[PDB]
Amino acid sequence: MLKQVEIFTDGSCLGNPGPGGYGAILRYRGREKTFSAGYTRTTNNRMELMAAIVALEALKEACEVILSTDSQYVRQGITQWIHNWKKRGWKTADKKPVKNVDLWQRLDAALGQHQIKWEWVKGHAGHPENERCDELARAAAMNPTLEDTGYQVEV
């Protein structure tokens, strides 16, 4: 039994927008849960965000998490933008709503409950679990069954 919840995520997309999917591996309690879904029209960034949200939302109590992803958008958001956006009421300098505010606000809520250690992997050097995420994410996008509701060409 791991003394820390381990989370691995990836997302993929064939176009901008296009069909896309996500893969998330969660090691919680004594099992290994795998999540993966495809969406009809979405973006890469949205899928990488969706990876992390679905895994964290599966966490029913406050936990000590370690999340590993090679995603630069999650990283960039988490390390340099997020802190700034709350202070600005989730707006851009031009007073418009941030892009993917629906996903960022949603992930924000999910982290609020936990102790999190972020591990930024290099695409070419993740653990066997990040690669499986890549493969799940890819397969999902090849067979999309869901609609990405917050997507806009727009805002």
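Counting begins at 1, following the sequence as shown.
Averaged over C-alpha atoms, is the B-factor higher for 99 to 107 or for 59 to 67 in this PDB entry?
If you average the C-alpha B-factors of 99 to 107 and of 59 to 67, the larger mean comes out for 59 to 67.
Can you tell me which stretch has the higher mean Cα B-factor, 9 to 17 or 133 to 141?
Comparing 133 to 141 with 9 to 17, the higher average CA B-factor belongs to 9 to 17.
Going by the entry, which of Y28, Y39, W120, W90 has the most elevated CA B factor?
Largest recorded C-alpha B-factor: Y28.
Pull the Cα B-factor of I78 out of the PDB entry and bin it into the chain's lowest, middle or highest third.
As the PDB entry reports it, the C-alpha B-factor of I78 lands in the middle third of its chain.
Is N45 in the lowest, middle or highest third of its chain when residues are ranked by C-alpha B-factor?
For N45, the deposited C-alpha B-factor lands in the lowest third.
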